[PDB]
Structure formats: C-alpha cells, structure tokens
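Undergrad: The structure file target26.cif (mmCIF, C-alpha atoms and all ligand atoms) is provided below.
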```cif
data_structure
#
loop_
_atom_site.group_PDB
_atom_site.id
_atom_site.type_symbol
_atom_site.label_atom_id
_atom_site.label_comp_id
_atom_site.auth_asym_id
_atom_site.auth_seq_id
_atom_site.Cartn_x
_atom_site.Cartn_y
_atom_site.Cartn_z
ATOM 1 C CA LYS A 1 -104.931 84.919 227.141
ATOM 2 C CA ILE A 2 -106.403 85.457 223.666
ATOM 3 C CA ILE A 3 -105.357 88.830 222.225
ATOM 4 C CA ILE A 4 -106.779 89.496 218.757
ATOM 5 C CA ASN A 5 -104.766 92.048 216.773
ATOM 6 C CA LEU A 6 -107.217 93.822 214.471
ATOM 7 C CA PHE A 7 -104.475 95.424 212.358
ATOM 8 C CA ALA A 8 -102.845 92.025 211.885
ATOM 9 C CA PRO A 9 -103.778 90.178 208.669
ATOM 10 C CA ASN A 10 -105.974 87.834 210.755
ATOM 11 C CA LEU A 11 -106.072 84.968 208.265
ATOM 12 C CA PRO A 12 -106.029 81.184 208.778
ATOM 13 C CA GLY A 13 -102.435 81.011 207.557
ATOM 14 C CA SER A 14 -101.281 83.961 209.671
ATOM 15 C CA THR A 15 -103.073 82.893 212.869
ATOM 16 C CA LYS A 16 -100.632 81.743 215.560
ATOM 17 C CA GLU A 17 -100.710 80.734 219.211
ATOM 18 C CA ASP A 18 -101.998 83.206 221.857
ATOM 19 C CA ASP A 19 -104.569 84.677 219.425
ATOM 20 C CA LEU A 20 -106.551 81.496 218.717
ATOM 21 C CA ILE A 21 -110.190 82.016 219.685
ATOM 22 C CA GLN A 22 -110.602 78.230 220.021
ATOM 23 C CA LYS A 23 -107.989 76.965 222.485
ATOM 24 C CA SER A 24 -109.870 74.793 224.987
ATOM 25 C CA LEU A 25 -111.269 72.827 222.042
ATOM 26 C CA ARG A 26 -107.817 72.460 220.476
ATOM 27 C CA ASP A 27 -106.325 71.209 223.746
ATOM 28 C CA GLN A 28 -109.137 68.724 224.367
ATOM 29 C CA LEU A 29 -109.462 67.533 220.758
ATOM 30 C CA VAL A 30 -105.784 66.538 220.658
ATOM 31 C CA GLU A 31 -106.123 64.531 223.877
ATOM 32 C CA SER A 32 -109.223 62.751 222.564
ATOM 33 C CA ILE A 33 -107.403 61.897 219.324
ATOM 34 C CA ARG A 34 -104.368 60.583 221.211
ATOM 35 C CA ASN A 35 -106.435 58.445 223.589
ATOM 36 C CA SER A 36 -108.356 56.828 220.721
ATOM 37 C CA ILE A 37 -105.010 55.572 219.387
ATOM 38 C CA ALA A 38 -103.536 54.438 222.723
ATOM 39 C CA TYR A 39 -106.387 51.957 223.217
ATOM 40 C CA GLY A 40 -112.701 50.274 212.844
ATOM 41 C CA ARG A 41 -113.169 53.881 211.788
ATOM 42 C CA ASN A 42 -111.754 56.527 214.138
ATOM 43 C CA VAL A 43 -113.303 59.710 212.731
ATOM 44 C CA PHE A 44 -113.599 63.028 214.559
ATOM 45 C CA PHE A 45 -115.810 65.898 213.427
ATOM 46 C CA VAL A 46 -115.537 69.621 214.137
ATOM 47 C CA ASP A 47 -118.835 71.389 213.474
ATOM 48 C CA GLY A 48 -119.628 75.059 212.981
ATOM 49 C CA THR A 49 -121.400 77.424 210.619
ATOM 50 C CA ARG A 50 -119.754 79.310 207.769
ATOM 51 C CA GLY A 51 -117.014 81.640 208.945
ATOM 52 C CA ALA A 52 -116.904 80.051 212.401
ATOM 53 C CA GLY A 53 -113.170 79.451 211.966
ATOM 54 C CA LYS A 54 -112.977 75.787 210.995
ATOM 55 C CA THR A 55 -109.907 76.221 208.780
ATOM 56 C CA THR A 56 -108.167 78.313 211.443
ATOM 57 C CA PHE A 57 -109.007 75.792 214.170
ATOM 58 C CA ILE A 58 -108.121 72.579 212.352
ATOM 59 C CA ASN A 59 -104.748 73.920 211.186
ATOM 60 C CA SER A 60 -103.818 74.496 214.836
ATOM 61 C CA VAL A 61 -104.699 70.871 215.618
ATOM 62 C CA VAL A 62 -102.294 69.705 212.905
ATOM 63 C CA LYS A 63 -99.685 72.122 214.266
ATOM 64 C CA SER A 64 -100.300 70.924 217.830
ATOM 65 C CA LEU A 65 -99.861 67.258 216.896
ATOM 66 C CA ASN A 66 -96.849 67.911 214.651
ATOM 67 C CA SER A 67 -94.910 69.658 217.424
ATOM 68 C CA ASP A 68 -92.880 67.375 219.714
ATOM 69 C CA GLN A 69 -92.834 64.394 217.363
ATOM 70 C CA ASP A 70 -90.647 61.929 219.270
ATOM 71 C CA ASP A 71 -91.381 63.288 222.761
ATOM 72 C CA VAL A 72 -94.992 62.073 222.836
ATOM 73 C CA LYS A 73 -95.216 58.352 223.571
ATOM 74 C CA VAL A 74 -98.160 57.974 221.183
ATOM 75 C CA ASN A 75 -96.923 58.853 217.696
ATOM 76 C CA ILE A 76 -99.254 60.429 215.128
ATOM 77 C CA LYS A 77 -98.167 61.714 211.714
ATOM 78 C CA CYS A 78 -100.404 64.343 210.122
ATOM 79 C CA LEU A 79 -100.744 64.752 206.379
ATOM 80 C CA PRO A 80 -101.163 68.316 205.091
ATOM 81 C CA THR A 81 -104.751 69.515 205.354
ATOM 82 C CA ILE A 82 -106.869 68.525 202.354
ATOM 83 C CA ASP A 83 -109.239 71.175 201.027
ATOM 84 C CA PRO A 84 -111.906 69.443 198.896
ATOM 85 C CA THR A 85 -112.958 72.705 197.240
ATOM 86 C CA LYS A 86 -109.452 73.473 195.931
ATOM 87 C CA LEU A 87 -108.799 69.955 194.619
ATOM 88 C CA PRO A 88 -109.237 69.141 190.920
ATOM 89 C CA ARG A 89 -112.849 68.440 190.035
ATOM 90 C CA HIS A 90 -112.465 64.765 189.088
ATOM 91 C CA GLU A 91 -109.365 63.888 191.124
ATOM 92 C CA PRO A 92 -110.271 61.191 193.688
ATOM 93 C CA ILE A 93 -109.730 61.761 197.392
ATOM 94 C CA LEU A 94 -107.920 58.421 197.667
ATOM 95 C CA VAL A 95 -105.449 59.739 195.089
ATOM 96 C CA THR A 96 -104.964 62.937 197.102
ATOM 97 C CA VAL A 97 -104.362 61.046 200.354
ATOM 98 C CA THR A 98 -101.881 58.631 198.773
ATOM 99 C CA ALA A 99 -100.014 61.379 196.909
ATOM 100 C CA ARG A 100 -99.533 63.339 200.136
ATOM 101 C CA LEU A 101 -98.767 60.145 202.063
ATOM 102 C CA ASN A 102 -96.234 59.052 199.435
ATOM 103 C CA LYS A 103 -94.237 62.270 199.821
ATOM 104 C CA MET A 104 -94.260 61.931 203.609
ATOM 105 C CA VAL A 105 -93.016 58.352 203.255
ATOM 106 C CA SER A 106 -90.532 59.287 200.520
ATOM 107 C CA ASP A 107 -88.923 62.054 202.579
ATOM 108 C CA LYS A 108 -88.576 59.573 205.443
ATOM 109 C CA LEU A 109 -86.948 57.034 203.115
ATOM 110 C CA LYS A 110 -84.387 59.664 202.099
ATOM 111 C CA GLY A 111 -83.700 60.204 205.817
ATOM 112 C CA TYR A 112 -82.465 56.719 206.684
ATOM 113 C CA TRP A 113 -78.796 56.031 207.352
ATOM 114 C CA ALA A 114 -78.716 52.296 206.517
ATOM 115 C CA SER A 115 -78.528 51.250 202.868
ATOM 116 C CA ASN A 116 -80.256 47.887 203.324
ATOM 117 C CA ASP A 117 -82.988 49.369 205.525
ATOM 118 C CA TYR A 118 -83.714 52.035 202.905
ATOM 119 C CA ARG A 119 -83.437 49.594 199.993
ATOM 120 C CA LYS A 120 -85.782 46.980 201.471
ATOM 121 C CA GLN A 121 -88.554 49.348 202.560
ATOM 122 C CA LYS A 122 -88.421 51.331 199.310
ATOM 123 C CA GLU A 123 -89.511 48.344 197.213
ATOM 124 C CA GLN A 124 -92.233 47.430 199.714
ATOM 125 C CA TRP A 125 -93.622 50.957 199.399
ATOM 126 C CA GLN A 126 -93.320 50.773 195.606
ATOM 127 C CA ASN A 127 -95.057 47.381 195.597
ATOM 128 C CA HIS A 128 -98.102 48.798 197.389
ATOM 129 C CA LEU A 129 -98.145 51.869 195.140
ATOM 130 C CA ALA A 130 -98.112 49.598 192.087
ATOM 131 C CA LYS B 1 -40.293 21.414 194.028
ATOM 132 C CA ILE B 2 -43.465 20.796 192.001
ATOM 133 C CA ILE B 3 -45.355 17.492 192.081
ATOM 134 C CA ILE B 4 -47.738 16.687 189.216
ATOM 135 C CA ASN B 5 -50.397 14.019 189.783
ATOM 136 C CA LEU B 6 -51.105 12.285 186.473
ATOM 137 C CA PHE B 7 -54.222 10.675 187.969
ATOM 138 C CA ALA B 8 -55.558 14.119 188.867
ATOM 139 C CA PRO B 9 -57.746 15.773 186.203
ATOM 140 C CA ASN B 10 -54.935 18.266 185.444
ATOM 141 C CA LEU B 11 -57.180 20.987 184.029
ATOM 142 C CA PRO B 12 -56.962 24.802 184.155
ATOM 143 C CA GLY B 13 -59.626 24.951 186.864
ATOM 144 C CA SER B 14 -58.175 21.979 188.771
ATOM 145 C CA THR B 15 -54.629 23.334 189.234
ATOM 146 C CA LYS B 16 -53.684 24.512 192.729
ATOM 147 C CA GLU B 17 -50.598 25.558 194.681
ATOM 148 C CA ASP B 18 -47.599 23.173 194.520
ATOM 149 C CA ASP B 19 -49.093 21.777 191.287
ATOM 150 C CA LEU B 20 -48.859 24.904 189.121
ATOM 151 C CA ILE B 21 -45.706 24.653 187.036
ATOM 152 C CA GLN B 22 -44.673 28.239 186.263
ATOM 153 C CA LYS B 23 -44.797 29.814 189.709
ATOM 154 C CA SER B 24 -41.563 31.745 189.119
ATOM 155 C CA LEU B 25 -43.133 33.786 186.316
ATOM 156 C CA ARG B 26 -46.438 34.205 188.167
ATOM 157 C CA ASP B 27 -44.771 35.576 191.301
ATOM 158 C CA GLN B 28 -42.664 38.084 189.360
ATOM 159 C CA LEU B 29 -45.588 39.128 187.147
ATOM 160 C CA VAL B 30 -47.959 39.959 190.014
ATOM 161 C CA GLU B 31 -45.259 42.086 191.646
ATOM 162 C CA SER B 32 -44.466 43.726 188.298
ATOM 163 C CA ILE B 33 -48.166 44.514 187.866
ATOM 164 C CA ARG B 34 -48.309 46.040 191.354
ATOM 165 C CA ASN B 35 -45.315 48.320 190.745
ATOM 166 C CA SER B 36 -46.783 49.457 187.412
ATOM 167 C CA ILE B 37 -49.561 51.413 189.150
ATOM 168 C CA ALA B 38 -47.652 52.304 192.336
ATOM 169 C CA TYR B 39 -45.705 54.808 190.209
ATOM 170 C CA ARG B 40 -50.507 51.701 177.965
ATOM 171 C CA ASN B 41 -50.091 49.467 181.021
ATOM 172 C CA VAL B 42 -50.450 46.274 178.992
ATOM 173 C CA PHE B 43 -48.622 43.065 179.901
ATOM 174 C CA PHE B 44 -48.363 40.092 177.542
ATOM 175 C CA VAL B 45 -47.883 36.458 178.557
ATOM 176 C CA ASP B 46 -46.198 34.818 175.576
ATOM 177 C CA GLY B 47 -46.294 31.094 174.918
ATOM 178 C CA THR B 48 -46.925 28.547 172.191
ATOM 179 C CA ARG B 49 -50.222 26.689 172.069
ATOM 180 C CA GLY B 50 -50.509 24.098 174.817
ATOM 181 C CA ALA B 51 -47.916 25.825 177.017
ATOM 182 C CA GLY B 52 -50.537 26.364 179.729
ATOM 183 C CA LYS B 53 -51.586 29.975 179.226
ATOM 184 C CA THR B 54 -55.091 29.616 180.679
ATOM 185 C CA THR B 55 -53.745 27.821 183.756
ATOM 186 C CA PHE B 56 -51.056 30.479 184.202
ATOM 187 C CA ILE B 57 -53.376 33.461 183.761
ATOM 188 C CA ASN B 58 -56.042 32.075 186.107
ATOM 189 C CA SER B 59 -53.491 31.953 188.933
ATOM 190 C CA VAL B 60 -52.427 35.572 188.371
ATOM 191 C CA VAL B 61 -56.020 36.734 188.835
ATOM 192 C CA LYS B 62 -56.355 34.289 191.736
ATOM 193 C CA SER B 63 -53.224 35.651 193.428
ATOM 194 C CA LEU B 64 -54.229 39.292 192.905
ATOM 195 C CA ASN B 65 -57.692 38.622 194.411
ATOM 196 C CA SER B 66 -56.463 37.908 197.951
ATOM 197 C CA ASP B 67 -54.885 39.785 200.870
ATOM 198 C CA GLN B 68 -55.639 43.173 199.322
ATOM 199 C CA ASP B 69 -55.362 45.010 202.652
ATOM 200 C CA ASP B 70 -51.670 44.295 203.283
ATOM 201 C CA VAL B 71 -50.421 45.609 199.931
ATOM 202 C CA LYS B 72 -50.328 49.383 199.520
ATOM 203 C CA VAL B 73 -51.782 49.281 195.991
ATOM 204 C CA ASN B 74 -55.297 47.872 195.582
ATOM 205 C CA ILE B 75 -56.142 46.198 192.264
ATOM 206 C CA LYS B 76 -59.578 44.781 191.460
ATOM 207 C CA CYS B 77 -59.540 42.113 188.752
ATOM 208 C CA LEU B 78 -62.402 41.264 186.430
ATOM 209 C CA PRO B 79 -63.108 37.596 185.703
ATOM 210 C CA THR B 80 -60.888 36.419 182.868
ATOM 211 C CA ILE B 81 -62.411 37.030 179.436
ATOM 212 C CA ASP B 82 -62.051 34.263 176.866
ATOM 213 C CA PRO B 83 -62.481 35.887 173.425
ATOM 214 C CA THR B 84 -63.301 32.558 171.758
ATOM 215 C CA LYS B 85 -66.233 31.665 174.041
ATOM 216 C CA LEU B 86 -67.922 35.059 173.718
ATOM 217 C CA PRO B 87 -70.766 35.627 171.249
ATOM 218 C CA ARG B 88 -69.495 36.256 167.742
ATOM 219 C CA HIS B 89 -70.698 39.853 167.368
ATOM 220 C CA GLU B 90 -70.563 41.070 170.982
ATOM 221 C CA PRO B 91 -67.953 43.847 171.337
ATOM 222 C CA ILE B 92 -65.196 43.439 173.900
ATOM 223 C CA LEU B 93 -66.180 46.781 175.447
ATOM 224 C CA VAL B 94 -69.654 45.368 176.111
ATOM 225 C CA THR B 95 -68.175 42.263 177.747
ATOM 226 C CA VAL B 96 -65.794 44.306 179.907
ATOM 227 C CA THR B 97 -68.505 46.768 180.952
ATOM 228 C CA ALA B 98 -71.009 44.014 181.762
ATOM 229 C CA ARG B 99 -68.419 42.435 184.071
ATOM 230 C CA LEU B 100 -67.323 45.786 185.501
ATOM 231 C CA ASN B 101 -70.968 46.672 186.165
ATOM 232 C CA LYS B 102 -71.608 43.540 188.237
ATOM 233 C CA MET B 103 -68.772 44.080 190.716
ATOM 234 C CA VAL B 104 -69.825 47.718 191.059
ATOM 235 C CA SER B 105 -73.401 46.567 191.665
ATOM 236 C CA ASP B 106 -72.030 44.068 194.181
ATOM 237 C CA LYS B 107 -70.100 46.909 195.824
ATOM 238 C CA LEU B 108 -73.145 49.200 195.872
ATOM 239 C CA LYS B 109 -75.208 46.454 197.511
ATOM 240 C CA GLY B 110 -72.427 46.085 200.093
ATOM 241 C CA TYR B 111 -72.564 49.643 201.399
ATOM 242 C CA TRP B 112 -74.088 50.482 204.770
ATOM 243 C CA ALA B 113 -74.582 54.251 204.466
ATOM 244 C CA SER B 114 -77.795 54.875 202.529
ATOM 245 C CA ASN B 115 -76.638 58.303 201.329
ATOM 246 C CA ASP B 116 -73.397 56.977 199.833
ATOM 247 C CA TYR B 117 -75.278 54.102 198.194
ATOM 248 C CA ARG B 118 -77.809 56.445 196.574
ATOM 249 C CA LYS B 119 -75.303 59.018 195.303
ATOM 250 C CA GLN B 120 -72.920 56.466 193.783
ATOM 251 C CA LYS B 121 -75.695 54.377 192.211
ATOM 252 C CA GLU B 122 -77.078 57.296 190.201
ATOM 253 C CA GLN B 123 -73.532 58.398 189.358
ATOM 254 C CA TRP B 124 -72.740 54.873 188.154
ATOM 255 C CA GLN B 125 -75.911 54.530 186.075
ATOM 256 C CA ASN B 126 -75.275 57.954 184.530
ATOM 257 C CA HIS B 127 -72.040 56.599 183.054
ATOM 258 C CA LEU B 128 -73.757 53.341 182.072
ATOM 259 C CA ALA B 129 -76.632 55.139 180.339
HETATM 260 N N1 LIG A 201 -108.405 82.230 216.001
HETATM 261 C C1 LIG A 201 -108.673 83.286 215.226
HETATM 262 N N2 LIG A 201 -108.015 84.442 215.463
HETATM 263 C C2 LIG A 201 -108.278 85.501 214.692
HETATM 264 N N3 LIG A 201 -109.132 85.599 213.671
HETATM 265 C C3 LIG A 201 -109.768 84.443 213.458
HETATM 266 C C4 LIG A 201 -109.605 83.266 214.170
HETATM 267 N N4 LIG A 201 -110.431 82.271 213.670
HETATM 268 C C5 LIG A 201 -111.062 82.861 212.684
HETATM 269 N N5 LIG A 201 -110.711 84.172 212.499
HETATM 270 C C6 LIG A 201 -111.236 85.089 211.495
HETATM 271 O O1 LIG A 201 -112.427 84.536 210.962
HETATM 272 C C7 LIG A 201 -112.235 84.173 209.577
HETATM 273 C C8 LIG A 201 -112.866 82.829 209.319
HETATM 274 O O2 LIG A 201 -112.060 82.122 208.353
HETATM 275 P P1 LIG A 201 -111.726 80.589 208.530
HETATM 276 O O3 LIG A 201 -111.040 80.108 207.255
HETATM 277 O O4 LIG A 201 -110.958 80.355 209.770
HETATM 278 O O5 LIG A 201 -113.172 79.917 208.598
HETATM 279 P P2 LIG A 201 -114.032 78.901 207.721
HETATM 280 O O6 LIG A 201 -115.126 79.709 207.029
HETATM 281 O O7 LIG A 201 -114.507 77.763 208.528
HETATM 282 O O8 LIG A 201 -112.996 78.451 206.600
HETATM 283 P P3 LIG A 201 -112.797 78.531 205.011
HETATM 284 O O9 LIG A 201 -112.080 79.782 204.633
HETATM 285 O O10 LIG A 201 -112.028 77.255 204.655
HETATM 286 O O11 LIG A 201 -114.216 78.444 204.442
HETATM 287 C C9 LIG A 201 -110.728 84.236 209.344
HETATM 288 O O12 LIG A 201 -110.438 84.584 207.996
HETATM 289 C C10 LIG A 201 -110.293 85.334 210.315
HETATM 290 O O13 LIG A 201 -110.502 86.631 209.770
HETATM 291 N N1 LIG A 202 -49.426 24.501 185.657
HETATM 292 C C1 LIG A 202 -49.806 23.344 185.120
HETATM 293 N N2 LIG A 202 -49.720 22.218 185.866
HETATM 294 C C2 LIG A 202 -50.104 21.056 185.320
HETATM 295 N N3 LIG A 202 -50.580 20.817 184.102
HETATM 296 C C3 LIG A 202 -50.653 21.952 183.391
HETATM 297 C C4 LIG A 202 -50.299 23.215 183.809
HETATM 298 N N4 LIG A 202 -50.516 24.135 182.791
HETATM 299 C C5 LIG A 202 -50.995 23.423 181.797
HETATM 300 N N5 LIG A 202 -51.093 22.090 182.102
HETATM 301 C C6 LIG A 202 -51.579 21.013 181.247
HETATM 302 O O1 LIG A 202 -51.757 21.521 179.943
HETATM 303 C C7 LIG A 202 -53.175 21.576 179.640
HETATM 304 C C8 LIG A 202 -53.501 22.812 178.839
HETATM 305 O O2 LIG A 202 -53.339 23.985 179.672
HETATM 306 P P1 LIG A 202 -54.103 25.323 179.236
HETATM 307 O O3 LIG A 202 -55.555 25.024 179.076
HETATM 308 O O4 LIG A 202 -53.723 26.428 180.160
HETATM 309 O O5 LIG A 202 -53.459 25.569 177.787
HETATM 310 P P2 LIG A 202 -53.368 26.770 176.730
HETATM 311 O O6 LIG A 202 -53.239 26.181 175.368
HETATM 312 O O7 LIG A 202 -52.354 27.750 177.200
HETATM 313 O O8 LIG A 202 -54.809 27.458 176.852
HETATM 314 P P3 LIG A 202 -56.265 27.096 176.256
HETATM 315 O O9 LIG A 202 -56.707 25.835 176.949
HETATM 316 O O10 LIG A 202 -57.160 28.266 176.559
HETATM 317 O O11 LIG A 202 -56.061 26.898 174.774
HETATM 318 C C9 LIG A 202 -53.861 21.419 181.001
HETATM 319 O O12 LIG A 202 -55.199 20.951 180.881
HETATM 320 C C10 LIG A 202 -52.919 20.413 181.662
HETATM 321 O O13 LIG A 202 -53.075 19.125 181.110
#
```
Output the file's structure as structure tokens, nothing else.

TA:
Amino acid sequence: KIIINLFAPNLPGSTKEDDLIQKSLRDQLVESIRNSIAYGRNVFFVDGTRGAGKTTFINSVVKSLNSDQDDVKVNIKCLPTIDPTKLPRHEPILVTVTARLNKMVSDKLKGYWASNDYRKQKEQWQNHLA
Amino acid sequence: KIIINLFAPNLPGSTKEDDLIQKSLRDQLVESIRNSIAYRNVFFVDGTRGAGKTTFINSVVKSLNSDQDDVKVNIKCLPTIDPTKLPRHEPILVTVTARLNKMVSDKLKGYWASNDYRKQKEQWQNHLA
C-alpha cells in the first residue's frame, strides 16, 4: 500500500512510511545487512540514476534500523547520513565519521548510571581520540 | 590508669590508647567540639613547650575520625597542619585547600551514581578555579 500524496511536500525529509516507493528493497536490504553481521569490508551499495530517490530510500534504511534498538538480537548503531556534497571542501571523511561517532559515544557516556563505568570508558575513548 | 613504656619509642606517632597521658582533656574536648556545631568556632589547646601538644592533638583528630555513623553530628577532619614544616611562603589557605581538595576528590571517586559524580565535580572545580 503505497499512496503518494501529490499535494504533500514530497521531500526526502518529509517522506514517511506507507508512501515509500521503495519498500521491498528497504525490507530486504535491512535483512541482508543484519545477516552479514550475525555471521574484512562489509560494504553495501544502492544504485540508481539521478532523481531515482537514493536519499529518500537510504534515510528509511537508517530509520528502519534505528527503530527497535534493544529488541533486535543483532545490534547495529547508525550514524547520521553523511552527504559528501554538503561537507566542507577539504574536511576529511574520516574526520566526519569520527565527529559523528564521538557524539554518539558521548551521549551514551552521559547516559550511564555508574560513576566508575562512566569514568573508565571516558578516558579510553579520549585516549583513542588523542 | 596509664602505663608508660620507657623502652617504647614514645613519639607522637607511636602513642596509642592506655599510653596517652591526657585522656581526660581529649575526651572532654571531642565532646565539646561536637556540641559546638550541634547548636568563630575556634578551640585552643594551651600548654608549654614539651607538654605533648602534638601527641594530644593527633589523638583528637584520631578520635573524631572513627564511628561517625553513631554520632548525630558528622565532622570531617583534615590532616593536622604543622605550620613549621610547611614551605616558607606557602599561604595557610593554600595548604588547607590542597588538603580539603584531596578528600573531596577521594569522595568524588567514591560515588556510584555517575550523574551525582559529574554534577559535583564541576561544581567543586568551579569553586577551586
Ligand atoms: N518514496 C518517495 N515518495 C514520494 N516521493 C518520492 C519518493 N522518493 C523520491 N520521491 C521524489 O523524488 C525526488 C527525488 O529526490 P531524492 O533526494 O530522494 O533523490 P536523489 O536524487 O537520489 O537525492 P539527492 O537529492 O541527494 O540528489 C524527491 O525529492 C521526491 O520529490
Ligand atoms: N601522651 C604522651 N604519652 C607519652 N609520652 C608523651 C606523651 N605526650 C608527649 N610525650 C613525650 O613528650 C615528647 C614530646 O611530645 P610532643 O611532640 O607532642 O611535644 P610538643 O612540644 O607539644 O610538640 P612538638 O613536638 O610539635 O614541638 C614525646 O615524644 C614523648 O617523649
């Protein structure tokens, strides 16, 4: 049941469930990603011409994996989608990944309830960042 | 009854219970200290040189640093400051703060809740800074 509302904004940000043109792909891509972790580089590619809806499709995959965090036995954490065109011209991708990964780790550090657990893992994270 | 062993070292650090001489003053000073805060809270221990002031004042801190739970009033005592063994130009406020900071840092490292530890640590360092 895919119902496209033409008078809706119909933008990658505003696209939700039940009006995603690509839904069989989204369902099967998530399962393939999960199975590759349950069992080197593990890189998936989603191809398509310009305007095919890559940004709309890949955001749903991040949304699909983010939902039901603890419920799924295989746990995958998704960083926010990186857009190479909107990044600074000379800013490295490894810097972008770490900066987004650091915030995800940092917000988890602020979520602990044990002082020693938070204190010990904070310096380990800072040691690797250094 | 107090028994002094002349073959013992008989030093301020090597004086224990039943060997300390002025227990009557020590017992009534610790209680007097406790009632002073249960209600310029400065007490003075007078004595001529060689009367045993260091031995007496070490026991008062030793007595006040035990069985804190039973007594209604809780007093935390810094290690005794000897003004003659400090550096010549170091202010007393620096010496007191540097010893107050350690026990606080030992208390912060003793917490279990990570949120309480974080909030107090930045509050403490704000005063220190
Ligand atoms: N599932 C969908 N439901 C409704 N409209 C869609 C859907 N997928 C794509 N569209 C429409 O097609 C357009 C294609 O834009 P989209 O960003 O998804 O594609 P892209 O060209 O691969 O990405 P980018 O903007 O990053 O270049 C959207 O702006 C939207 O108007
Ligand atoms: N309670 C005590 N029991 C036994 N001997 C004591 C006692 N108090 C003092 N003395 C004896 O007197 C000596 C000097 O004591 P203490 O060091 O306390 O003297 P003070 O002059 O008050 O202080 P300071 O040593 O800092 O000048 C001890 O080393 C010991 O020989």

Undergrad: Report as a list in words the set of chain A residues whose atoms approach chain B to within 7 Å, with distances computed over all atoms listed in the file.

TA: residues 112, 113, 114, 115, 116 and 118 of chain A

Undergrad: Pick out the residues sitting within 9 Å of region 38-54 of chain A, and hand them over as a PyMOL selection string; count all atoms listed in the file, and ignore anything fewer than 6 positions along from it in its own chain.

TA: chain A and resi 12+21-22+29+74

Undergrad: Please evaluate the PyMOL selection byres (((not hetatm)) within 9 of (chain A and resi 201)) against the structure above and give the resulting residues as a VMD selection string.

TA: chain A and resid 2 to 6 8 to 23 48 to 58 83 85

Undergrad: Would you list the residues that come within 7 Å of ligand LIG 202 (chain A)? Count all atoms listed in the file and give the answer as a list in words.

TA: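 Using all atoms listed in the file, everything at most 7 Å from ligand LIG 202 (chain A) comes to residues 4, 10, 11, 12, 15, 19, 20, 21, 22, 49, 50, 51, 52, 53, 54, 55 and 56 of chain B.
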
Undergrad: Name the residues within 12 Å of (-44.5, 37.8, 177.4), counting only C-alpha atoms in the file's coordinates, and put them as a list in words.

TA: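 Here the neighbourhood of the point contains residues 25, 26, 29, 42, 43, 44, 45, 46, 47, 48, 53, 56 and 57 of chain B.
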
Undergrad: As an exercise, work out the distance from CA of residue 72 (chain B) to CA of residue 28 (chain B) in Å and give it to one decimal place.

TA: 17.0 Å

Undergrad: Which value, in Å to one decimal, gives the distance between CA of residue 6 (chain B) and CA of residue 18 (chain B)?

TA: 14.0 Å

Undergrad: Output, as lines of an AutoDock Vina configuration file, the centre and edge lengths in Å (one decimal) of the axis-aligned box that contains all listed atoms of region 70-83 of chain B with 8 Å of margin on each side.

TA:
```
center_x = -56.7
center_y = 41.8
center_z = 188.4
size_x = 28.8
size_y = 31.1
size_z = 45.9
```

Undergrad: Would you mind listing what lies within 9 Å of residue 128 (chain B) as a VMD selection string, with all atoms listed in the file counted and same-chain residues fewer than 4 positions away left out?

TA: chain B and resid 97 101 123 to 124

Undergrad: Using the incomplete input, complete region 88-101 of chain A to the level of N, CA and C atoms; output as an mmCIF file, in the coordinates of the input.

TA:
```cif
data_model
loop_
_atom_site.group_PDB
_atom_site.id
_atom_site.type_symbol
_atom_site.label_atom_id
_atom_site.label_comp_id
_atom_site.auth_asym_id
_atom_site.auth_seq_id
_atom_site.Cartn_x
_atom_site.Cartn_y
_atom_site.Cartn_z
ATOM 1 N N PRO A 88 -108.676 69.276 192.269
ATOM 2 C CA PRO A 88 -109.237 69.141 190.920
ATOM 3 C C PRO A 88 -110.602 68.472 190.966
ATOM 4 N N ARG A 89 -111.438 68.816 189.984
ATOM 5 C CA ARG A 89 -112.849 68.440 190.035
ATOM 6 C C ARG A 89 -113.026 66.926 190.069
ATOM 7 N N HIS A 90 -112.291 66.205 189.225
ATOM 8 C CA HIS A 90 -112.465 64.765 189.088
ATOM 9 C C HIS A 90 -111.362 63.958 189.759
ATOM 10 N N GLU A 91 -110.460 64.605 190.482
ATOM 11 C CA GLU A 91 -109.365 63.888 191.124
ATOM 12 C C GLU A 91 -109.871 63.205 192.389
ATOM 13 N N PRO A 92 -109.727 61.886 192.517
ATOM 14 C CA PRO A 92 -110.271 61.191 193.688
ATOM 15 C C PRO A 92 -109.567 61.592 194.975
ATOM 16 N N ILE A 93 -110.301 61.468 196.081
ATOM 17 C CA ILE A 93 -109.730 61.761 197.392
ATOM 18 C C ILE A 93 -108.675 60.725 197.759
ATOM 19 N N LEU A 94 -108.907 59.460 197.395
ATOM 20 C CA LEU A 94 -107.920 58.421 197.667
ATOM 21 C C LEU A 94 -106.609 58.692 196.943
ATOM 22 N N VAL A 95 -106.671 59.336 195.777
ATOM 23 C CA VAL A 95 -105.449 59.739 195.089
ATOM 24 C C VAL A 95 -104.763 60.868 195.848
ATOM 25 N N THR A 96 -105.543 61.828 196.351
ATOM 26 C CA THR A 96 -104.964 62.937 197.102
ATOM 27 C C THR A 96 -104.284 62.448 198.375
ATOM 28 N N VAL A 97 -104.935 61.543 199.106
ATOM 29 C CA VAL A 97 -104.362 61.046 200.354
ATOM 30 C C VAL A 97 -103.069 60.288 200.085
ATOM 31 N N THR A 98 -103.073 59.416 199.075
ATOM 32 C CA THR A 98 -101.881 58.631 198.773
ATOM 33 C C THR A 98 -100.743 59.512 198.275
ATOM 34 N N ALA A 99 -101.054 60.501 197.433
ATOM 35 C CA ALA A 99 -100.014 61.379 196.909
ATOM 36 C C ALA A 99 -99.338 62.160 198.028
ATOM 37 N N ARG A 100 -100.119 62.646 198.994
ATOM 38 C CA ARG A 100 -99.533 63.339 200.136
ATOM 39 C C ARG A 100 -98.843 62.361 201.077
ATOM 40 N N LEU A 101 -99.405 61.160 201.232
ATOM 41 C CA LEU A 101 -98.767 60.145 202.063
ATOM 42 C C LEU A 101 -97.481 59.630 201.434
#
```
